[PDB]
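Asks: I'm passing along upload02.cif; it holds mmCIF, C-alpha atoms and all ligand atoms.
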```cif
data_input
loop_
_atom_site.label_atom_id
_atom_site.label_comp_id
_atom_site.auth_asym_id
_atom_site.auth_seq_id
_atom_site.Cartn_x
_atom_site.Cartn_y
_atom_site.Cartn_z
CA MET A 1 -15.81 14.03 -5.62
CA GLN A 2 -13.04 13.40 -3.09
CA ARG A 3 -9.33 13.67 -3.87
CA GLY A 4 -8.08 10.10 -3.89
CA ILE A 5 -4.43 9.47 -3.06
CA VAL A 6 -3.01 6.00 -3.69
CA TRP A 7 0.55 5.39 -2.48
CA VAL A 8 2.63 2.35 -3.46
CA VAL A 9 5.81 0.83 -2.04
CA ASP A 10 7.74 -1.73 -4.13
CA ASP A 11 10.38 -2.03 -6.87
CA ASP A 12 9.06 1.29 -8.22
CA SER A 13 9.80 2.06 -11.91
CA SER A 14 7.82 -0.82 -13.43
CA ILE A 15 5.23 -0.84 -10.66
CA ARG A 16 5.29 2.95 -10.59
CA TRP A 17 4.84 3.60 -14.32
CA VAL A 18 1.79 1.34 -14.51
CA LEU A 19 0.10 2.38 -11.29
CA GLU A 20 1.12 6.04 -11.70
CA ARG A 21 -0.51 6.88 -15.04
CA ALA A 22 -3.16 4.16 -15.19
CA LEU A 23 -4.38 4.78 -11.66
CA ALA A 24 -4.16 8.49 -12.45
CA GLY A 25 -6.71 7.97 -15.19
CA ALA A 26 -9.04 6.57 -12.54
CA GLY A 27 -8.94 9.93 -10.77
CA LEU A 28 -6.39 9.28 -8.03
CA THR A 29 -2.79 10.19 -7.20
CA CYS A 30 -0.50 7.18 -7.48
CA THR A 31 3.06 7.59 -6.27
CA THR A 32 5.67 4.96 -5.44
CA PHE A 33 8.50 4.54 -2.94
CA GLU A 34 11.58 2.30 -2.53
CA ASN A 35 10.01 -0.45 -0.39
CA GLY A 36 8.25 0.79 2.71
CA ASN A 37 10.32 2.85 5.14
CA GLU A 38 10.30 5.53 2.47
CA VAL A 39 6.51 6.00 2.61
CA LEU A 40 6.81 6.32 6.38
CA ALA A 41 8.85 9.49 6.00
CA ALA A 42 6.25 10.90 3.65
CA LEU A 43 3.49 9.49 5.85
CA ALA A 44 4.82 11.55 8.75
CA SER A 45 3.38 14.56 6.94
CA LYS A 46 0.51 12.95 5.02
CA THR A 47 -1.87 10.00 4.89
CA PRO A 48 -2.88 8.26 1.61
CA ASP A 49 -6.39 6.88 1.09
CA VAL A 50 -5.06 3.51 -0.06
CA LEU A 51 -1.48 2.62 0.80
CA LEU A 52 0.33 -0.22 -0.95
CA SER A 53 3.44 -1.78 0.63
CA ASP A 54 6.08 -4.19 -0.64
CA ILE A 55 7.45 -7.16 1.26
CA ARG A 56 11.05 -8.15 0.54
CA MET A 57 13.60 -5.71 1.95
CA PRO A 58 13.20 -4.62 5.63
CA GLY A 59 13.62 -6.83 8.68
CA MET A 60 10.32 -8.72 8.65
CA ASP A 61 10.39 -8.98 4.85
CA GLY A 62 7.50 -6.54 4.50
CA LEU A 63 5.01 -7.06 7.28
CA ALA A 64 7.51 -5.09 9.33
CA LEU A 65 6.68 -2.16 7.08
CA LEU A 66 3.13 -2.46 8.31
CA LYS A 67 4.24 -2.21 11.93
CA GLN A 68 5.88 1.14 11.15
CA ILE A 69 2.66 2.36 9.55
CA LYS A 70 0.55 1.25 12.50
CA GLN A 71 2.97 2.81 14.97
CA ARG A 72 2.38 6.32 13.66
CA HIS A 73 -0.74 5.61 11.63
CA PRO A 74 -2.88 3.02 13.47
CA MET A 75 -5.61 3.53 10.87
CA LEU A 76 -4.01 4.01 7.46
CA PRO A 77 -4.80 0.79 5.55
CA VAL A 78 -1.96 -0.84 3.61
CA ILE A 79 -1.77 -3.52 0.91
CA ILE A 80 1.12 -5.98 0.82
CA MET A 81 2.17 -7.83 -2.36
CA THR A 82 3.36 -10.92 -0.51
CA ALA A 83 2.57 -12.79 2.71
CA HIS A 84 5.21 -15.55 2.65
CA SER A 85 7.13 -14.13 5.62
CA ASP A 86 6.17 -13.82 9.29
CA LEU A 87 2.41 -13.40 8.83
CA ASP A 88 2.37 -12.55 12.55
CA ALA A 89 3.22 -8.92 11.77
CA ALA A 90 0.32 -8.81 9.30
CA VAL A 91 -1.99 -9.18 12.29
CA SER A 92 -0.83 -5.88 13.78
CA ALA A 93 -1.97 -4.56 10.40
CA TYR A 94 -5.57 -5.75 10.51
CA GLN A 95 -5.82 -4.32 14.02
CA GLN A 96 -4.46 -0.93 12.96
CA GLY A 97 -6.74 -0.93 9.93
CA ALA A 98 -4.66 -2.45 7.13
CA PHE A 99 -6.16 -3.27 3.73
CA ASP A 100 -5.08 -6.90 3.27
CA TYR A 101 -2.44 -9.13 1.66
CA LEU A 102 -2.37 -9.67 -2.12
CA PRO A 103 -0.13 -12.27 -3.85
CA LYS A 104 2.96 -11.14 -5.79
CA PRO A 105 0.78 -10.31 -8.84
CA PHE A 106 -0.67 -6.80 -8.88
CA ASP A 107 -0.29 -4.40 -11.81
CA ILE A 108 -3.29 -2.25 -12.59
CA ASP A 109 -5.69 -5.10 -13.17
CA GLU A 110 -5.01 -6.85 -9.86
CA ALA A 111 -4.20 -3.72 -7.85
CA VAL A 112 -6.74 -1.27 -9.22
CA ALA A 113 -9.21 -4.10 -8.83
CA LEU A 114 -8.54 -4.36 -5.13
CA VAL A 115 -8.28 -0.59 -4.66
CA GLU A 116 -11.47 0.67 -6.34
CA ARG A 117 -13.83 -2.01 -5.02
CA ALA A 118 -12.16 -1.49 -1.66
CA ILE A 119 -12.57 2.29 -1.43
CA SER A 120 -16.13 1.85 -2.66
CA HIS A 121 -16.88 -0.34 0.36
CA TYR A 122 -15.47 2.32 2.67
CA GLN A 123 -17.13 5.41 1.19
CA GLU A 124 -17.25 8.76 2.98
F1 LIG A 201 8.19 -7.30 -4.33
BE1 LIG A 201 7.68 -7.18 -2.94
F2 LIG A 201 8.76 -7.48 -1.97
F3 LIG A 201 6.56 -8.14 -2.74
#
```
Would you put the structure from the file into structure tokens?

Replies:
Amino acid sequence: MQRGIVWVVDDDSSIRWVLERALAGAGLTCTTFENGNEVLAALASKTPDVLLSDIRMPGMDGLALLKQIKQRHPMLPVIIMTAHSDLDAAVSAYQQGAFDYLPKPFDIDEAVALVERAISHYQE
């Protein structure tokens, strides 16, 4: 049941290949973007069930990426790979409905782990 669209924003390629096929086997649609602002463009026409954002490119490292998401999507939850920058912006995330902040590690094991158990807690 349910579609299941998981969007990721990071270095792509490596992160994409793993999360794309592997997460696809789980029954979801995993796509990746450059870092964050890219998903925003796509977000302007769609909303993923579990968004994943990077944090090492934009102004506020990555938390800034959250701000963009909350500006147009004050509900779409996002998952950041790092929280070493201005954590302040991460707060605007929790208020808009962000997912959380995961350490640099991720891959399928660490990401799929946080995604499945997370969506399961939400349910329809
Ligand atoms: F690689 Be991301 F900037 F955490």

Asks: Could the residues that lie within 6 Å of ligand LIG 201 (chain A), counting all atoms listed in the file, be listed as a PyMOL selection string?

Replies: chain A and resi 10+54-56+81-82+104

Asks: One decimal, in Å: what's the spacing between atom CA of residue A:77 and atom CA of residue A:25?

Replies: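 Interatomic distance here is 22.0 Å.
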
Asks: Measure the distance from atom CA of residue A:6 to atom CA of residue A:23 in Å and round it to one decimal.

Replies: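 A separation of 8.2 Å between them.
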
Asks: Got a sec: who's within 12 Å of residue A:21, counting all atoms listed in the file, leaving out chain neighbours fewer than 3 positions off, as JSON, numbers by chain?

Replies: {"A": [6, 13, 14, 15, 16, 17, 18, 24, 25, 26, 27, 28, 29, 30, 31, 32, 107, 108, 112]}

Asks: Find the residues around residue A:35 up to 12 Å (all atoms listed in the file counted), leave out those fewer than 6 positions away in its own chain, and share them as an NGL selection string.

Replies: :A and (7-13 or 15-16 or 41 or 51-59 or 61-66 or 80-81)
